[PDB]
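> Got a file for you: query-v6.txt, compact mmCIF, C-alpha atoms (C1' of nucleotides).
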```txt
# COMPACT_ATOMS: atom_id res chain seq x y z
CA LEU A 1 121.81 145.66 278.48
CA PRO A 2 118.29 144.41 277.64
CA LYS A 3 115.50 146.33 275.93
CA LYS A 4 112.24 147.63 277.36
CA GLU A 5 108.81 147.33 275.75
CA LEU A 6 105.54 149.16 276.37
CA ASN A 7 102.35 148.82 274.32
CA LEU A 8 100.76 152.28 274.31
CA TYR A 9 97.10 151.32 274.21
CA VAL A 10 95.42 154.57 273.14
CA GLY A 11 91.75 155.14 272.48
CA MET A 12 90.56 155.46 268.90
CA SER A 13 89.97 159.12 268.15
CA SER A 14 86.47 160.41 268.81
CA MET A 15 86.69 162.75 265.80
CA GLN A 16 87.16 159.84 263.39
CA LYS A 17 84.49 157.79 265.21
CA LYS A 18 82.11 159.29 262.66
CA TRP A 19 83.96 157.71 259.73
CA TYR A 20 84.76 154.51 261.65
CA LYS A 21 81.01 154.03 262.07
CA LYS A 22 80.62 155.10 258.44
CA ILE A 23 82.90 152.16 257.61
CA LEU A 24 81.19 149.64 259.90
CA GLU A 25 77.62 150.66 259.03
CA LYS A 26 78.55 151.53 255.41
CA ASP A 27 77.11 155.03 255.91
CA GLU A 28 81.97 158.41 253.58
CA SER A 29 79.89 156.51 251.01
CA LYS A 30 79.77 155.08 247.50
CA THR A 31 83.28 153.57 247.43
CA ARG A 32 84.99 150.21 247.68
CA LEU A 33 85.15 147.99 250.75
CA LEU A 34 86.68 145.06 248.87
CA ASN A 35 89.10 144.53 251.77
CA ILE A 36 87.31 145.59 254.97
CA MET A 37 90.54 144.44 256.63
CA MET A 38 92.52 147.34 255.20
CA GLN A 39 89.69 149.88 255.32
CA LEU A 40 89.32 149.50 259.07
CA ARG A 41 93.12 149.21 259.22
CA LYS A 42 93.56 152.64 257.62
CA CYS A 43 90.89 154.15 259.87
CA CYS A 44 92.63 152.39 262.76
CA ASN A 45 95.82 153.97 261.43
CA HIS A 46 94.85 157.49 260.44
CA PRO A 47 91.63 159.32 259.49
CA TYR A 48 92.84 161.67 256.74
CA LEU A 49 93.84 158.63 254.66
CA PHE A 50 90.22 158.37 253.42
CA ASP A 51 90.30 161.21 250.87
CA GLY A 52 88.08 163.87 252.35
CA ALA A 53 88.76 163.77 256.06
CA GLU A 54 90.87 166.86 255.33
CA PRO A 55 88.23 169.31 254.03
CA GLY A 56 90.48 172.35 253.64
CA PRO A 57 91.11 173.45 250.07
CA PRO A 58 94.28 175.10 251.41
CA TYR A 59 94.87 171.90 253.45
CA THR A 60 95.73 173.67 256.69
CA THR A 61 98.74 172.28 258.57
CA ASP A 62 98.21 172.84 262.29
CA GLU A 63 97.33 171.17 265.58
CA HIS A 64 94.07 169.90 264.06
CA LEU A 65 96.06 167.03 262.54
CA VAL A 66 97.34 166.00 265.96
CA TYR A 67 93.89 166.94 267.31
CA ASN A 68 91.90 164.72 264.96
CA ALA A 69 94.37 161.84 265.29
CA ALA A 70 94.19 159.39 268.17
CA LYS A 71 97.90 158.53 268.27
CA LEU A 72 99.66 161.79 267.46
CA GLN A 73 98.54 163.38 270.74
CA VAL A 74 100.52 160.75 272.64
CA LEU A 75 103.20 161.11 269.95
CA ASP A 76 103.37 164.87 270.53
CA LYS A 77 103.72 164.22 274.27
CA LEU A 78 106.38 161.55 273.76
CA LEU A 79 108.26 163.61 271.17
CA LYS A 80 108.42 166.49 273.66
CA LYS A 81 109.62 164.13 276.39
CA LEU A 82 112.21 162.36 274.23
CA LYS A 83 113.45 165.69 272.86
CA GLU A 84 114.44 166.78 276.37
CA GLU A 85 115.68 163.30 277.26
CA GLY A 86 117.81 163.31 274.11
CA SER A 87 116.32 160.01 272.95
CA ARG A 88 117.07 159.44 269.27
CA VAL A 89 113.84 157.86 268.05
CA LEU A 90 113.01 155.61 265.10
CA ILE A 91 109.48 155.34 263.72
CA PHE A 92 108.16 152.39 261.72
CA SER A 93 104.93 152.18 259.73
CA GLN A 94 103.24 150.19 256.98
CA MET A 95 101.66 152.92 254.79
CA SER A 96 104.10 155.03 252.80
CA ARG A 97 101.22 157.45 252.20
CA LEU A 98 100.73 157.83 255.96
CA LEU A 99 104.43 158.71 256.22
CA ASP A 100 103.76 161.69 253.94
CA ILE A 101 101.47 163.10 256.63
CA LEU A 102 104.15 162.41 259.23
CA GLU A 103 106.65 164.09 256.90
CA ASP A 104 104.25 167.03 256.79
CA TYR A 105 103.82 166.92 260.57
CA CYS A 106 107.60 166.69 260.98
CA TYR A 107 107.76 169.94 259.01
CA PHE A 108 105.22 171.39 261.45
CA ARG A 109 107.50 170.69 264.43
CA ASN A 110 110.64 171.64 262.44
CA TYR A 111 112.64 168.52 263.28
CA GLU A 112 115.62 167.38 261.28
CA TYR A 113 115.29 163.84 259.95
CA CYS A 114 115.71 161.67 256.85
CA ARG A 115 112.88 159.80 255.15
CA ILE A 116 113.68 156.37 253.74
CA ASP A 117 110.78 154.70 251.93
CA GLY A 118 110.33 151.88 249.47
CA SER A 119 112.12 152.86 246.25
CA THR A 120 113.55 156.25 247.17
CA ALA A 121 117.00 155.78 245.60
CA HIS A 122 120.21 153.80 246.04
CA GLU A 123 122.62 156.59 247.00
CA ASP A 124 119.90 158.48 248.90
CA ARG A 125 119.47 155.49 251.21
CA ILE A 126 123.19 155.55 252.00
CA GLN A 127 123.41 159.31 252.53
CA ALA A 128 120.24 159.52 254.63
CA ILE A 129 121.54 156.68 256.80
CA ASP A 130 124.90 158.43 257.14
CA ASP A 131 123.36 161.76 258.15
CA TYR A 132 121.11 160.09 260.72
CA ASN A 133 123.98 157.99 262.06
CA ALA A 134 126.33 160.97 261.81
CA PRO A 135 128.01 161.79 265.15
CA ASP A 136 125.95 164.21 267.25
CA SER A 137 123.24 164.10 264.61
CA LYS A 138 120.40 166.51 265.42
CA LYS A 139 118.10 164.48 263.19
CA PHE A 140 115.92 163.84 266.20
CA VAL A 141 113.36 161.64 264.43
CA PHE A 142 113.72 159.21 261.52
CA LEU A 143 110.88 158.28 259.18
CA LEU A 144 111.11 154.69 257.97
CA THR A 145 108.86 152.00 256.52
CA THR A 146 108.49 148.47 257.88
CA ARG A 147 108.88 146.07 254.95
CA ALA A 148 111.41 148.28 253.13
CA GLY A 149 113.45 149.72 256.02
CA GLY A 150 114.43 147.39 258.86
CA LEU A 151 116.00 144.26 257.33
CA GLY A 152 119.62 144.34 258.47
CA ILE A 153 120.78 147.94 258.98
CA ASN A 154 122.38 149.01 262.26
CA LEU A 155 121.18 152.14 264.06
CA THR A 156 123.11 152.00 267.33
CA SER A 157 123.12 155.80 267.40
CA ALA A 158 119.41 155.37 268.15
CA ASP A 159 118.02 153.84 271.33
CA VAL A 160 114.21 154.11 271.16
CA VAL A 161 112.13 152.67 268.32
CA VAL A 162 108.37 153.24 267.99
CA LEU A 163 105.75 151.47 265.87
CA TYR A 164 102.90 153.55 264.52
CA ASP A 165 101.06 150.38 263.49
CA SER A 166 101.25 146.62 263.99
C1' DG B 1 130.25 251.72 189.32
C1' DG B 2 129.28 247.18 187.86
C1' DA B 3 128.40 242.07 188.84
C1' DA B 4 127.41 238.55 191.55
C1' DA B 5 124.79 236.52 195.08
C1' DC B 6 121.29 235.82 197.89
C1' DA B 7 116.60 236.55 199.53
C1' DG B 8 111.81 237.22 199.10
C1' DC B 9 107.90 237.26 196.40
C1' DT B 10 104.94 235.20 193.21
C1' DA B 11 102.54 231.83 190.77
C1' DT B 12 101.27 227.30 189.56
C1' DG B 13 100.76 222.84 189.92
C1' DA B 14 99.67 219.02 192.83
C1' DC B 15 97.47 216.94 196.11
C1' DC B 16 94.19 216.45 199.34
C1' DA B 17 89.67 217.44 200.85
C1' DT B 18 84.51 217.96 200.08
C1' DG B 19 80.23 217.86 197.38
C1' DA B 20 77.39 215.37 194.32
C1' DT B 21 75.97 211.76 191.77
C1' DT B 22 74.94 207.51 190.93
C1' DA B 23 73.83 202.69 191.34
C1' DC B 24 72.53 199.14 193.90
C1' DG B 25 70.24 196.99 197.52
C1' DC B 26 66.69 196.61 200.30
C1' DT B 27 62.96 197.19 202.26
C1' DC B 28 59.12 198.28 201.95
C1' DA B 29 55.40 198.49 198.21
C1' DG B 30 52.69 195.99 195.71
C1' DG B 31 51.34 192.24 192.88
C1' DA B 32 51.33 187.01 192.49
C1' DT B 33 50.97 183.06 194.33
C1' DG B 34 49.85 179.41 196.61
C1' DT B 35 47.73 177.83 201.54
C1' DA B 36 44.78 177.75 205.15
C1' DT B 37 39.99 177.90 206.32
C1' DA B 38 35.17 176.97 206.50
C1' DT B 39 31.24 174.71 205.02
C1' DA B 40 28.13 171.63 203.07
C1' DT B 41 27.67 167.29 201.41
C1' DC B 42 28.64 161.91 200.43
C1' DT B 43 30.20 157.44 201.97
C1' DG B 44 32.81 153.75 203.26
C1' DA B 45 34.79 151.87 207.11
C1' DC B 46 34.74 151.22 211.82
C1' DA B 47 32.23 149.95 215.69
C1' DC B 48 28.62 147.17 217.85
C1' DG B 49 24.88 143.34 218.41
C1' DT B 50 24.13 138.18 217.73
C1' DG B 51 25.22 133.43 217.85
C1' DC B 52 28.17 129.80 218.92
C1' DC B 53 31.59 126.87 220.56
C1' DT B 54 36.04 125.27 222.11
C1' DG B 55 39.83 126.99 224.72
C1' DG B 56 40.09 128.63 229.27
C1' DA B 57 39.70 127.76 233.80
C1' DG B 58 39.45 124.94 237.47
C1' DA B 59 40.10 120.15 239.56
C1' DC B 60 43.34 116.49 240.60
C1' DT B 61 47.61 113.57 241.31
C1' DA B 62 52.52 112.50 241.41
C1' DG B 63 57.27 112.80 240.86
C1' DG B 64 61.50 114.90 240.40
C1' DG B 65 63.35 120.84 239.90
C1' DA B 66 64.35 123.66 242.77
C1' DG B 67 65.68 124.91 246.99
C1' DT B 68 68.95 124.76 251.27
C1' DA B 69 73.02 123.11 254.30
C1' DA B 70 77.51 121.96 254.51
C1' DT B 71 81.79 122.01 252.70
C1' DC B 72 86.11 123.85 250.78
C1' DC B 73 89.88 126.04 248.26
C1' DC B 74 91.22 128.48 245.18
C1' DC B 75 91.38 133.53 243.83
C1' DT B 76 90.73 137.95 243.99
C1' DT B 77 92.12 141.79 246.28
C1' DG B 78 95.53 145.78 247.83
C1' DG B 79 99.49 147.72 249.36
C1' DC B 80 104.14 147.84 248.72
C1' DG B 81 109.20 147.72 246.41
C1' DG B 82 111.70 148.53 242.95
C1' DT B 83 112.35 149.12 237.98
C1' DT B 84 112.05 151.92 233.34
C1' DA B 85 110.39 153.02 229.67
```
Would you give me this structure, written as structure tokens?

Amino acid sequence: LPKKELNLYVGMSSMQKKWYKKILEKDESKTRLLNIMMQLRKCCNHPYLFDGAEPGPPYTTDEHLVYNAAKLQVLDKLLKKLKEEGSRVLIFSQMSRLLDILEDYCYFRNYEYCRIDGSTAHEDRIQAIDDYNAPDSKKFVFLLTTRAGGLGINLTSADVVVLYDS
DNA sequence: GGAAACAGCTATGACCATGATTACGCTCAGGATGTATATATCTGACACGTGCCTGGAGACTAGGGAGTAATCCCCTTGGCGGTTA
């Protein structure tokens, strides 16, 4: 059985277009751009990563996060579809900090999962893998990094794997 | 009927409360003192004219400092992963 591949070209969120211009035109201000590569990469990845895109002193946790994000709207659609389809999904990303927001947004949707990140533990890696690969595991999603997570482990219990970033 | 025993009354001392007195401080008094003020008058120093002259300001040439292009490559940068003190 082969594998399918689709590249979900989604438009960059209009809400963060303010800050994306604020990065291109150097408009928010008075910070580093020593690696314009990464700065645009983080804005390409997620807006709240720039330390002030989340204005709330209580830091509200609601649909605004998926609202202000370009990708998570398609993610929310695909998570709803794959939940009914029973697809056991794996998510890969580069920024461990971004995964915190996904961990927070996983809490919002109340999914079971296990978060493996660079330098979590030794026994925690084993146990989180076991719970995810446990038979009939309801851990519908699985947070994982890119350069720390997928270098030899087998996840045949899963079928669909999604990249947040390239 | 007498003696003991207890109870109540009385007085006195003790202790606390109030009144006065005093002393000390201070804040007014008042004196002492030293300071500001004004004024009228010297006077020396600062400002200004005069003369002069030599640096300043052009005027002119020439030759390499500075300026730019192109090139490159090494290095700083940043995020992570995983340790541990």
> Using all atoms listed in the file, find the residues of chain B whose closest atom to chain A is at most 10 Å away, then write them as a list in words.
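For chain B, the answer reads residues 76, 77, 78, 79, 80, 81, 82 and 83 of chain B.
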> Interatomic distance between atom CA of residue A:73 and atom CA of residue A:140?
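Separating atom CA of residue A:73 from atom CA of residue A:140 is a distance of 18.0 Å.
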> Using only C-alpha atoms, find each residue in stretch 86-146 of chain A having at least one atom no more than 8 Å away from stretch 53-70 of chain A; report its shortest atom-to-atom pair and that distance in Å (one decimal), rows by chain then rising number, as CSV.

```
residue,atom,partner,partner_atom,distance
A:104,CA,A:61,CA,7.8
A:105,CA,A:61,CA,7.7
A:108,CA,A:61,CA,7.1
```
> What is the distance between atom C1' of residue B:85 and atom CA of residue A:123, in Å to one decimal?
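A separation of 21.5 Å between them.
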> Rounded to one decimal, what separation in Å do you get between atom CA of residue A:149 and atom CA of residue A:88?
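Separation between atom CA of residue A:149 and atom CA of residue A:88: 16.8 Å.
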> Identify, on the basis of all atoms listed in the file, every residue whose closest approach to residue A:79 does not exceed 12 Å; exclude the query and any residue fewer than 5 positions from it along the same chain; express the result as a list in words.
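In the requested format, the answer is residues 71, 72, 73, 74, 84, 85, 86, 87, 88, 89, 90, 91, 105, 106, 109, 111, 140, 141, 142, 160, 161 and 162 of chain A.
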> Around all the atoms of stretch 33-47 of chain B listed in the file, draw an axis-aligned box and extend it by 8 Å on each of the six sides; I want its centre and edge lengths in Å to one decimal, as AutoDock Vina command-line options.

```
--center_x 39.3 --center_y 166.5 --center_z 205.0 --size_x 39.3 --size_y 49.1 --size_z 37.4
```
> Could you check the closest approach to residue A:45 for each of A:101, A:155, A:116, A:128 and tell me which residue wins, using all atoms listed in the file?
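Closest residue, counting all atoms listed in the file: A:101.
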